[PDB]
Amino acid sequence: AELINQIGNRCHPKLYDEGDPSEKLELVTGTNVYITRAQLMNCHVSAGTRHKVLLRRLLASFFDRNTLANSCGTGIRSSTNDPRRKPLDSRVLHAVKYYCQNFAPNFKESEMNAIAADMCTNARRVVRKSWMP
DNA sequence: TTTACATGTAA
DNA sequence: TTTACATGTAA
């Protein structure tokens, strides 16, 4: 095919393959991280060219608010505040980050970790604390 | 009310 | 310098 030489879009190859929206795509080959075509599509539409928002929508696709609130972001170091906070799932985080650094080669590791920490930080400012003494 | 991005801290 | 973090801001 006349298309092999091209760099191509920096997205999931099957993403635009006309197919079942509920089909589970492996986000990055050999990571065992899956997402539905429809949901990955939804992440890309929402983000457009904003790699920062693409990171945020992918992370919210795997991690709900309570998981985010109880996580220390990437966990390169342990938490400053609450040592019971576990890192966000390391296998999911690497695949998501690898997928976004591949979607936007100027995205740096440290910007990506800073966004992941902010997700958790936002989840904690929203989660309502207990009203017990 | 929520959150993407900004600001600046503590260790 | 780095990184998890709470908070400020704008929409």
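A note on names: the letters A, B, ... follow the listed sequences, proteins ahead of strands, and every chain is numbered from 1.
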Looking only at atom types and distance, does a side-chain atom of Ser79(A) sit under 3.5 Å from a main-chain N or O of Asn81(A), one as donor and one as acceptor? yes
Under the 3.5 angstrom rule, does the side chain of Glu23(A) hit a backbone N or O of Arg37(A) as a donor-acceptor pair? no
Length of the line joining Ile76(A):CD1 and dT1(C):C1', which is rounded to integer Å: 13 Å
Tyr98(A) atom OH, over 12 foreign heavy atoms within 6.0 Å: no
Which part of the nucleic acid, if any, lies within reach of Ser46(A) when heavy atoms closer than 4.0 Å are counted: base, sugar-phosphate only, or nothing? nothing
Name the pairs: protein N/O against N/O of nucleotides 9-11 of chain B, kept only if under 3.5 Å.
none

So, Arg128(A) side chain and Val126(A) main chain: donor-acceptor pair closer than 3.5 Å or not? yes
Would you mind checking if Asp118(A) and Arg56(A) are paired as a salt bridge, meaning a charged N to carboxylate O distance below 4.0 Å? yes
Can you tell me if the sugar in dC5(B) is north or south, using the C1'-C2'-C3'-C4' torsion? south
Side chains of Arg57(A) and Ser46(A): is there a donor and an acceptor less than 3.5 Å apart? yes
Review item, nucleotides 3-6 of chain B N/O atoms under 3.5 Å of protein N/O:
from   : atom 1 : to        : atom 2 : distance (Å)
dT3(B) : OP2    : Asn122(A) : ND2    : 3.1
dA4(B) : OP1    : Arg57(A)  : NH1    : 3.0
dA4(B) : OP2    : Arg56(A)  : NH1    : 2.9
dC5(B) : OP2    : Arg56(A)  : NE     : 3.2
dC5(B) : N4     : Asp118(A) : OD1    : 3.1
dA6(B) : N6     : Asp118(A) : OD1    : 3.3

Any idea how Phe103(A) and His44(A) line up, ring-wise: parallel (<30°), tilted (30 to 60°), or perpendicular (>60°)? tilted
Within a reach of under 6.0 Å around CG of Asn5(A), are more than 12 heavy atoms found that belong to other residues, nucleotides or ligands? yes
